[PDB]
Structures are given as C-alpha cells and as structure tokens.
Chemist: 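Attaching a single structure in structure tokens format; questions to follow.
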Amino acid sequence: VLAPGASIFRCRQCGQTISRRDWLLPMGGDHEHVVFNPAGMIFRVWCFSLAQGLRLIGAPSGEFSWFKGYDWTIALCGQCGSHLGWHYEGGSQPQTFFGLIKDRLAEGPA
Ligand SMILES: O=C1CC[C@H](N2C(=O)c3ccccc3C2=O)C(=O)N1
Ligand SMILES: N[C@@H](CC(=O)O)C(=O)O
Ligand SMILES: [Zn+2]
C-alpha cells in the first residue's frame, strides 16, 4: 500500500527502531503469546523473526522459558534501557527469535 502507518515498531519510551510488522513470526500458530513470569507479571508477547536496536543482557537461561526448547536473554532497548522483551535461542525451526512486549512498542509508518 501507499504510505503505510502500521509498518515499523519503535521503543515506546524513546523511539529507537526495533522491528517491523513484516517480521512477525507465528510461533505455535500465533504471533501473540500471553504469558506470566514467576513474579506474576502478565505479558502480551509478540514474536518476531528479527529485531534491531536492542541490547541483549547476560548469558542465556532455560529457566521458566515460555517456549519449549529455547533459552532466553533479556532484551533492553539499546538506546534508553527500557525492558522490551527477550531474545530466544538454542531451539529448532527457528533456532532463534525475539519475544517483544507489545505495549512497550509504538507502531507507525516506515
Ligand atoms: O521465557 C521467559 C523469559 C524470562 C521470564 N522471566 C521474567 O520475566 C522473570 C522475572 C523475575 C524472575 C524470573 C523471571 C523469568 O524467568 C520468564 O518467566 N520466561
Ligand atoms: N522506515 C524508514 C527507516 C527507519 O526509519 O528506520 C525509511 O523508510 O526511511
Ligand atoms: Zn527506548
């Protein structure tokens, strides 16, 4: 389409470019996964094949992973440090992907 407005995802706090709607990834048949951590926090996680602009912190862990076969690392906004989600690795088809917290991103034109 011409002049799309639902094209890219930026960090909600600072505007860093993070991902693209084209890169949404339907893990287990859905790009959206509603999940909770051990602290009881609920996240609406959108899975993306690719992302940029993040800083991945520490070494991977399999503990409490929401995605069978994958280990996670915390993904912060590389610009402002906002916690945007997790990077997943060590699994199969795909080996890696990103799970980003939908309400911590702003969607907009390319
Ligand atoms: O797949 C994941 C990513 C990490 C996530 N997670 C959290 O968000 C968290 C907060 C506090 C203590 C421990 C955890 C943890 O494993 C979680 O529970 N599963
Ligand atoms: N979508 C932008 C690229 C960006 O802002 O990251 C452009 O077409 O110039
Ligand atoms: Zn940011």
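The residues of the chain are indexed from 1 along the displayed sequence.
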Chemist: Side chain to side chain contact (heavy atoms under 4.5 Å, CB included) with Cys77: which of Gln16, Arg10, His83, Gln13?
Modeler: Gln16
Chemist: Does a side-chain heavy-atom distance below 4.5 Å link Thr73 with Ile57?
Modeler: no
Chemist: Within the supplied structure, the quantity of interest is the number of heavy atoms (other residues, nucleotides, ligands) at a distance under 6.0 Å from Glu32 CD; does it exceed 12?
Modeler: yes
Chemist: So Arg21 and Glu107, salt bridge (charged side-chain N to carboxylate O under 4.0 Å, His left out) or not? Walk me through it.
Modeler: CA-CA 9 Å; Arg21 180 159 216 101; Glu107 194 172 0; 2.9 Å; yes
Chemist: Between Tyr70 and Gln93, which heavy-atom pair has the shortest distance, and what is it?
Modeler: OH-C, 4.0 Å
Chemist: If you define the side chain from C-beta out and look only at heavy atoms, does anything of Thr96 sit under 4.5 Å from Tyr88?
Modeler: no
Chemist: State plainly whether one hydrophobic cluster holds both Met27 and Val35, where clusters connect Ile, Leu, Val, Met, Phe, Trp and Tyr through side-chain heavy atoms under 4.5 angstrom apart.
Modeler: yes
Chemist: Is there a path of hydrophobic side-chain contacts, each under 4.5 Å between heavy atoms of I, L, V, M, F, W or Y residues, that connects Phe67 with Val34?
Modeler: no
Chemist: Using atom types as modelled and distance alone, determine if a side-chain donor or acceptor of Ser65 lies under 3.5 Å from a backbone N or O of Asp71.
Modeler: no
Chemist: Evaluate the side-chain proximity of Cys11 to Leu84: yes if any heavy-atom separation is below 4.5 Å, no if none is.
Modeler: yes
Chemist: State plainly whether one hydrophobic cluster holds both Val45 and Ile74, where clusters connect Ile, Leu, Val, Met, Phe, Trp and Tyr through side-chain heavy atoms under 4.5 angstrom apart.
Modeler: yes
Chemist: Between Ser82 and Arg12 (side chain of the first, backbone of the second, donor and acceptor by atom type, cut-off under 3.5 Å), is there such a pair?
Modeler: no
Chemist: Is there a side-chain contact between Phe64 and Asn37 (heavy atoms, below 4.5 Å)?
Modeler: no
Chemist: Determine the minimum heavy-atom distance between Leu56 and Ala75, stating which atoms define it.
Modeler: CD2-CB, 3.6 Å
Chemist: Classify the ring geometry of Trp46 against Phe48: parallel below 30°, tilted from 30° to 60°, perpendicular beyond 60°.
Modeler: tilted
Chemist: Could you go step by step and tell me if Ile42 and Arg44 meet the side chain to side chain contact (heavy atoms under 4.5 Å, CB included) rule?
Modeler: CA-CA 7 Å; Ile42 190 169; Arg44 177 201 296 253; over 6 Å; no
Chemist: What do you reckon, are the aromatic ring centroids of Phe43 and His33 less than 6.0 Å apart?
Modeler: no
Chemist: I want to check something: taking the side chain as every heavy atom from C-beta on, are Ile18 and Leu100 in contact at a cut-off of under 4.5 Å?
Modeler: yes
Chemist: Aromatic contact between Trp86 and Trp66, with the criterion being ring centroids under 6.0 Å apart: yes or no?
Modeler: yes
Chemist: Do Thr17 and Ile8 have side-chain heavy atoms sitting under 4.5 Å apart?
Modeler: yes
Chemist: Has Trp72 got a side-chain atom pairing as donor or acceptor with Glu63's backbone, closer than 3.5 angstrom?
Modeler: yes
Chemist: Do you know which two heavy atoms are closest between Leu25 and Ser49, and how far apart they sit?
Modeler: CB-N, 3.8 Å
Chemist: Any non-hydrogen side-chain atom of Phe9 less than 4.5 Å from a side-chain atom of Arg20?
Modeler: no
Chemist: Is the ring pair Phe98/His87 parallel, tilted or perpendicular, if the boundaries are 30 and 60 degrees?
Modeler: tilted
